[PDB]
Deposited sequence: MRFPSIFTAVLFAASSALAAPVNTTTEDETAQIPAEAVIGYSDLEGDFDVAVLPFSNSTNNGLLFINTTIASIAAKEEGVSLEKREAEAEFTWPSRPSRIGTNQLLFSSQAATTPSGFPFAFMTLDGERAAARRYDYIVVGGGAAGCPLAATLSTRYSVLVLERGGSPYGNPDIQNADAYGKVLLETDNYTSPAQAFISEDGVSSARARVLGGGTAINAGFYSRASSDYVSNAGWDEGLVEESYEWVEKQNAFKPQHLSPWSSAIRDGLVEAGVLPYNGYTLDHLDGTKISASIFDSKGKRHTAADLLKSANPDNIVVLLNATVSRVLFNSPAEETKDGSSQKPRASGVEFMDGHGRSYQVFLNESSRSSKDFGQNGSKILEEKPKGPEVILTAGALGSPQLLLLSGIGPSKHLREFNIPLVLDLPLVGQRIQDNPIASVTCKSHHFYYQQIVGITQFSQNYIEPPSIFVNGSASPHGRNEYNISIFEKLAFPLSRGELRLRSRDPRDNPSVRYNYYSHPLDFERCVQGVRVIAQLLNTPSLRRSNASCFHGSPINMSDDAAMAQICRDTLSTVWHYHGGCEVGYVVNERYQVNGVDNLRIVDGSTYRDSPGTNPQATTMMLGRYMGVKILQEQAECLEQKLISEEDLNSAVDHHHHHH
């Protein structure tokens, strides 16, 4: 453990009270807790272990290995499958998704920031604060990246924007949380500027419910340690005073609300959970962004550098590598991601065990506009593969496999046959539905939710930049509302 305030001692952690209890030490949770700790006492409860000293996390070229080695309760990735049949995974380790993701770093658009109603200046400062710790501008493009960039330009995904963090229509190079030595910088590194006298980071602590005082007012949380012991830990008894803040992710935060008795009464009744607040929209309107792709096998890992943002920001073209087998075997893909799907579904409990997955149903391509936009995206992949740049590329493994540029039926077939997540699932505690613009749960005091469960739309081409940013931003806003 590189930070002295990281601990496994749940008894000792729960014997103290805290100004803030942050549930989930992930992409939003780490910078949030670090920021709060500069002035106030903070406990972070993280269900998983430490990312440090784990080669499968530190090494960029191990990206995807963890996804093949999941277990029920302990592994740093936890597999799940949506009710639609689409396999996926979520992090279970300090650092959250940043410990297991493809590392790609790209900011939300100015339109997104405007729609979210965030303060522009603070958003910019908050991104900068994360970037100076965890974001890296590539020194050199791989041969694969060079070909994809050249090809996207030749395919008319314009303008060419060079390297930029910003979300602009056209083709660009962007940053990564992988450094020039191929080492991953997870959100847990954002704990570096925490005040070590004020923060406690308890690992292997699965939070099972928010507790309320005898509007309901949150008073603390209960968590289960790895040894089957559950402990309660409490808040330190127009500024709001102490608060519980959920940063347990798109799946974790709605699940925890439900387990806490905050949700649709009928569903809570089914699981014999005492009602605290009937909040029907908890776990509603959730969404995942589907990809369609072509894939080939390679012995080379090329980390993500390039993204094509198609006209109207409608589809995102990216060319990932992922570990498939132990030089190692990798799958290289070109995907199109549907940027702004209409299709939505719902999250529900499957059990009262706080370690289990909730059920999630995404209704992929239930709205036909989404399926047509998939075909629109695949049309671009087909043009990309036809470019002189892709055809000449010695790095590409696609020389075998053409897509007929003028056969929409065949592209619709690719949409169906390759339907997958790219792990951008979000919603379930949505701003304007479950929380307000200050991330406060509607109808409850001293309870906030600041993570991907709050998003209507996935920010940027890939969301981790905005999620880390938001944790830092809300940290600052909370500090600020104290004068």
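According to the record, which stretches of the deposited sequence lack C-alpha coordinates?
The deposited sequence has unmodelled segments at 1 to 117, 332 to 342, 366 to 383, 473 to 478, 636 to 659.
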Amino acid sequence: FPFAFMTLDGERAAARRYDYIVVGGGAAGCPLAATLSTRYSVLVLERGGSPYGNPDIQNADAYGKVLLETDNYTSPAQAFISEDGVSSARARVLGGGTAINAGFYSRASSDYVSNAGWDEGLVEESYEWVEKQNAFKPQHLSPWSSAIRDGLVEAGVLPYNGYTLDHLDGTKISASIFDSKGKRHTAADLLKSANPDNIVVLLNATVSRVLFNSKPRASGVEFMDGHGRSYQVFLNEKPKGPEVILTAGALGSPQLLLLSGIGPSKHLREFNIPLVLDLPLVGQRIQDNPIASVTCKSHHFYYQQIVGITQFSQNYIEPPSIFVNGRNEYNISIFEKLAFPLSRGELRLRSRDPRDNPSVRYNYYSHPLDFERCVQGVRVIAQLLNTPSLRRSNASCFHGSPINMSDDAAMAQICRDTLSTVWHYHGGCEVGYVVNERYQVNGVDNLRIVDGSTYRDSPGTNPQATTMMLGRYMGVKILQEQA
From here on, numbers count along this sequence of modelled residues.
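Of 69 to 77 and 373 to 381, the stretch whose C-alpha atoms average the higher B-factor in the entry:
Per the deposited B-factors, the answer is 69 to 77.
Mean C-alpha B factor from the entry: is it higher for 5 to 13 or for 460 to 468?
The stretch with the larger mean CA B-factor is 5 to 13.
In this PDB entry, which of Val360, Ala218, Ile306, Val157 has the top CA B-factor?
Among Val360, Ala218, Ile306, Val157, the PDB entry lists the largest C-alpha B-factor for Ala218.
Per the entry, which of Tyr105, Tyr231, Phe301, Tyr364 tops the list for Cα B factor?
Highest CA B-factor of the listed options: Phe301.
Tell me, lowest, middle or highest third: where does the Cα B factor of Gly49 rank within its chain?
It falls in the middle third of the chain.
For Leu165, does the deposited CA B-factor place it in the lowest, middle or highest third of the chain?
It falls in the bottom third of the chain.
Entry-reported Cα temperature factor of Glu120, expressed as the chain third it lands in:
Highest third.
Based on the deposited C-alpha B factors for this chain, I'd like to know if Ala292 is in the lowest, middle or highest third.
It belongs to the lowest third of the chain when residues are ordered by C-alpha B-factor.
Quick check for you: using the entry's CA B-factors within this chain, is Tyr316 in the lowest, middle or highest third?
Within its chain, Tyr316 is a lowest-third residue by C-alpha B-factor, going by the deposited values.
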